[PDB]
Structures are given as structure tokens and as C-alpha cells.
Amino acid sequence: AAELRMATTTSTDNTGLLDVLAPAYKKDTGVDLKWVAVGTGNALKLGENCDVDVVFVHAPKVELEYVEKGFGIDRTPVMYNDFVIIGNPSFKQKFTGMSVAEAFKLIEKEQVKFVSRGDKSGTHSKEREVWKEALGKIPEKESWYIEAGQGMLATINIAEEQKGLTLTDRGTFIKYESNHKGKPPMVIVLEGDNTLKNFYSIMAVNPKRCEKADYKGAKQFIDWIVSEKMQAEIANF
């Protein structure tokens, strides 16, 4: 009967993360998670306006703005659905033992085809971050660096078509895999590096501006997530 009201993002909702957390939380705590999944800006606006108790999003840029502006507090990452580098089976041997930075340097050196989302995407700005960390620059103008301007799944097909590489979240690759049953066009070629980790952030609505937000409920949920049992539990999804 007790509940906690959450504004989240349509892409976050689609990962199923929340559908995993909610039953587990109800079991430990007796509280029902209730969420609405909208646009990023609107998810934050819902917290800004005192419509929810907590906010759950996937965009570190604005998350930080948000905290700054005074809208959210207790920013708390939940790691999930890590990014991986994929390409045809040829490539796996190529990078064995390597960090992402070492592999990307190699990609540049040998000029292997790399396909970027090249759209307004969470995956795209992440992938840009990875090149920046690896080379100190985004190879935007290199002949081998192609910007598709397409959804994740379309840019995987382009990478496959041009016998090159791309960066995708694990969830989509799983979907891609269920499509091409049998013998794989595409295969995980690099994973695990810390810079490839994926985080979704929970923030509590600031009680100082939202007198009637259930900040208690918010802090309880956040503490639960942050707790070792759930830290260890989450890592094992």
C-alpha cells in the first residue's frame, strides 16, 4: 500500500531494469515502486515541479546540471547494461588482452572501419566520450570513421555491411543476436573495460523545494540500492 513515485525515461523503462528492481524492493521493504516513463527533459521537469519523489535517468550531463540547480540531491548511480565493441569474428583475436584505449589506437593506426551512431543519442555521446579518453580527440574527420545517423540496430547492420566495427549497448546486441540465429555475423570483440560501463542515475527530489515529496521514501529506496546486498545483487544480473 505504501508507494514511491518515480519519474523515469522511456529508454530506461525499456531495459527492464525497473521491472527487476520493483519486485525485489517490494519484497524487502513492503513499498511499491510506481513510475512514469517520459522524455529526459520531462522526467527531470517532473521532479522540478514536485510531481514525483525520485527521478531516474540516463544522461550525466544534465544530471549534474540538475543537482547544481538544486532540483535533485543524493545522485546515486546504478550500473547496468554495459557497452561492448562488436565486429565480425575476424576481429576478436585482434584485440585479445587489450584495453579499449589500446584497441582504439590500433583501430586508428590500422584504419579499420568504425561506425558511429552520429545522431542525438545516449550511445553516441558515450562513444564520443570513449574516443576522447582513448585518443584525446574524436576522429570525426578520418576516412575510416563513419557517422551513420541511425538507430542502434541500423548502425550495427551498417558496420556488418562494411566489414567494420561499432559500439553498442549489450541489450541491443542481444536483440540483434536473436535475429541472426545460428552462425553469427557479429560478435563481442571487446568488453569489461571500466570506461565501457553504463550507469543510470537515481536522484531524490529536493525536499527543500518540494515540501510534500516523500523524501523519506526516496532516501530509503536509495539506501536499499546502495546497500551491499543490492550492490552485489545488481552486479550479478
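In case it trips you up, residue 1 is the first one in the sequence shown, and so on.
Annotation for 190-198 versus 173-181: the higher mean temperature factor (C-alpha) is found in 173-181. Set 39-47 against 55-63 and average the Cα temperature factors; 55-63 ends up higher.
Residue 226: CA B factor lies in the highest third for its chain, per the PDB record. Looking at the C-alpha B-factors along this chain, the one for residue 9 belongs to the middle third. Among the modelled residues of the chain, residue 114 sits in the lowest third by CA temperature factor in this PDB entry. Ranked by C-alpha B-factor against the other modelled residues of its chain, residue 136 falls in the middle third. Residue-level temperature factors show residue 97 in the lowest third of its chain, judged at the C-alpha atom.
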